[PDB]
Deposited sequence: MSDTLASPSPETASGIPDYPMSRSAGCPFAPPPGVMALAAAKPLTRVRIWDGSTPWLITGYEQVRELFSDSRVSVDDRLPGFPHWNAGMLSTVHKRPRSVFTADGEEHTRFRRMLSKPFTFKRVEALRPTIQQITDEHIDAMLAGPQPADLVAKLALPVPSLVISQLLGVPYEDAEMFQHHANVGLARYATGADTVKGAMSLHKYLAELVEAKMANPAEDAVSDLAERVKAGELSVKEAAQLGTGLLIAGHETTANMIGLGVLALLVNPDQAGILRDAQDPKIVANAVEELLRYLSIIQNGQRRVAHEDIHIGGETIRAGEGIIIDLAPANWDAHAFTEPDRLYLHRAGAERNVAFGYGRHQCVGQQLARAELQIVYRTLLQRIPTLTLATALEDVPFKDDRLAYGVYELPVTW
């Protein structure tokens, strides 16, 4: 019985770990051994990965962990913050923050670290605006969010970065209980006012949103941009594209390719479950593995290929499937749309500043990324 997870390859470093991709060639599903030493069921094939995500005999063992109607409770509370018009309305400020950040990057020296100057700051600012942190508190919020993800930060640094983030979100929650605007925390604040969640639970959740949608999107920006640069054929397409429909699909094809969230929360089966030709005896653990699904040649004809015109690209599960899909979905999509198109058209001479093999990737972090991305232009 093999060990999970497995490590990515040099020379194929965008690719899912080859050892996982092999396993996935044999059986839509195989039994693995993990950190603690328990032996859960790694789901690899696309068709069955979607199924278990959408199967009630399956559930997850705060809204991250909460399940049952307990999850519907937590997740209904999140509907108002990420409606369509609620995210639509953010496209402008996503575009102003990007434009701002690209400028400051152009005005500085080069080679410049795209991670440092763009990939990290833009999500946490966008998350911020969605929450509704006042303008006054942008840089402090930024600081206490970018202290965590620094490759140079202590653990203590990361602790007393999060401590004051929870402390501040509680403040702003109460503040939005007082003065509700149209932002996200006002919505959480509206829920404290109805006996539904304490300030702590709301501060936790606000904190929860920042974490969830920061290093993820950051990593999509960074890795995404890199992937674009070694694939100039595609960079051109994304840059000259004239349809919002087509640029949206090119984001979908980037989420599928990079598949930064390789895993997916560790679920468990309540009843016995028969697919892939084996039986998931109830009780046993389930790991619904998204990279190999996104790289399943049954549904994505040339999975090693980065084809931004790829026909069914929003077929992927880079955001998960079923109950517990990424709540950030539409917002993160806007982010990558904005940032990708805008960088690629304002900086058409953007060039990778080192040999690719020099680039530092984020192996250990569950979410795959690059630690810094030097560009010239």
Which deposited-sequence positions, grouped into ranges, are missing C-alpha coordinates?
-> 1-15, 77-98
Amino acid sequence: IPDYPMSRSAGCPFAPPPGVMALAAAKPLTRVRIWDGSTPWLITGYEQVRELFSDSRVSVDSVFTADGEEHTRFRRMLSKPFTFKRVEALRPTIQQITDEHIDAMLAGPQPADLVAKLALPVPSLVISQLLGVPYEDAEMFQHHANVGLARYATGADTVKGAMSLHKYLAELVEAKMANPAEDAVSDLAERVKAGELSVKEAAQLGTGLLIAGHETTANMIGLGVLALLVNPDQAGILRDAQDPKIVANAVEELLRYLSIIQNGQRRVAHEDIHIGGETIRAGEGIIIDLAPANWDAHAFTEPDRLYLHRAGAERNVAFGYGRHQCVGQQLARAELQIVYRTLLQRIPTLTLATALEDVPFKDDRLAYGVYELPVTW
From here on, numbers count along this sequence of modelled residues.
Averaging only over Cα atoms, indicate whether 367-375 or 1-9 has the higher B-factor in the PDB entry.
-> 1-9
Which has the higher mean CA temperature factor in the PDB entry, 323-331 or 62-70?
-> 62-70
Based on the PDB record, which member of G155, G224, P109, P121 exhibits the highest Cα temperature factor?
-> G155
Per the entry, which of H298, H101, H144, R256 tops the list for Cα B factor?
-> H144
Lowest, middle or highest third: where is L343 by Cα B-factor in its chain?
-> lowest
Lowest, middle or highest third - CA B-factor, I127 = lowest
Lowest, middle or highest third - CA B-factor, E88 | middle
Would the CA B-factor of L336 place it in the lowest, middle or highest third of its chain?
-> lowest
Relative to the other modelled residues of the same chain, rank the CA B-factor of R310 and answer lowest, middle or highest third.
-> lowest
